[PDB]
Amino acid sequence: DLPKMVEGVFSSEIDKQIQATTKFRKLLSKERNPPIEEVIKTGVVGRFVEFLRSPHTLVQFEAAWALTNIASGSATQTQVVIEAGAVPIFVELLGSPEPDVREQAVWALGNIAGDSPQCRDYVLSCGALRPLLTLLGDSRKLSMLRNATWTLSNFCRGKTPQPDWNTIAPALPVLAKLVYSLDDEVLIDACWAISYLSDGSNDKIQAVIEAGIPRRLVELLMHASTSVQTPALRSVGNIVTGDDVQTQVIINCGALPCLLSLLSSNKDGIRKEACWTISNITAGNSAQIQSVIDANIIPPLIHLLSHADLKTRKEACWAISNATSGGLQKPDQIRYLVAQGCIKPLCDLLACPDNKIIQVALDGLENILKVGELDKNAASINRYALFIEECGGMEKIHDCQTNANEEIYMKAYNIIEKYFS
């Protein structure tokens, strides 16, 4: 009964303290509607934090568990725990001699850090990372590995703002190891954590590369579990947003055959993601476009330009359009894209409700044309302009002249003025 429990918590006797606190732990453990607020109203959160420094590990544990589940509630409920000064103590408890106390401290810090980026940063400010990274390297207990990895992902997670880089960066070596874990759940949280850190500028990508992480990520693209594949894919995608040499690391770890496979994944998200990743590889140099061609990725893409949802058609559009970048250096590539039937599905997208997509399809089609114009002058017509005319594409370019986006209509005009006078 609630007021007797309050009495127990404020008793100075360790056994009264422990019976009471356990009852609170159990009540905050309810599956449906834990009365977090009623508990908070009683005034005991301050006590639970005192209990965190008792020499009796059991009350440390029960207190930590109660606190963990208050911090599992709303932002204001979490803040009550933060206000009480629990976080610097939880960091001390990462060094407790008693493994369950350490684990519960890890768990509490996960929940607190998970409430928001500001909260995340607060926890990092209290020196949480280093002792967490240590537990991750030493512990053999699977539950602790699961918990500490998940909590590590919460330390990495968030963009408004992102964690300070030098502060969170030491996580990379530990994550490089956790992705070889034999546990699926560790694998998942590790991969998510990596995808948060790899989402950034090229220097951050570089740090991921030099931790040695790319090789195992690519291998995890083909993991049985879509829950593993998704964040591993996300991370590989992030990497190839880097420069050409950084992108080349991903090619050299054999990602292209995996990306070819992932195009046929049963999850829409993975397919869409796979296309986005490929588009950033075909945004690269001539040789990297050629890699995508030699991997037979182009036909599935061109197929996806017509099939599956619009978000998919959008990403495939970027991928194919990007691939038309080297008409000057290696025009053989465009002629290959044309021969695999890219023109007609590109023309279709000119009527896309998204203006960026219209521009991307228009760009691709201008590059297609310039090669046909080079083949024309070395022969007598531009056969690419002809196929664009008779497939109905010329009329769709014509309609782009009524588009208001300056980039779009001016681009559409010159194509008509140049290849369709």
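The first residue of the shown sequence is 1; numbering continues from there.
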Inset, instruction - Going by the record, give me the number of deposited-sequence residues missing between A379 and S380 as none, 1 to 3, 4 to 9, or 10 or more. - result: 4 to 9
Inset, instruction - Would you determine, from the values in the PDB entry, which of 339-347 and 303-311 has the greater average C-alpha temperature factor? - result: 303-311
Inset, instruction - Could you settle it for me: does 325-333 or 249-257 have the higher average Cα B factor in the PDB entry? - result: 325-333
Legend entry - Highest recorded Cα temperature factor - choice among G127, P97, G237, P173: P97
Inset, instruction - Compare the CA B factors listed in the entry for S139, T230, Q206, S291 and report the winner. - result: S139
Legend entry - Third of the chain's Cα B-factor distribution that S225 belongs to, per the entry: lowest
Legend entry - Relative C-alpha B-factor of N367, binned into the chain's lowest, middle or highest third: highest
Inset, instruction - Place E373 in the lowest, middle or highest third of its chain's C-alpha B-factors, as listed in the PDB entry. - result: highest
Inset, instruction - Rank-wise, by C-alpha B-factor, drop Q60 into the lowest, middle or highest third of its chain. - result: lowest
Inset, instruction - Would you mind ranking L386 by its C-alpha B-factor against the rest of the chain and naming the third, lowest, middle or highest? - result: highest
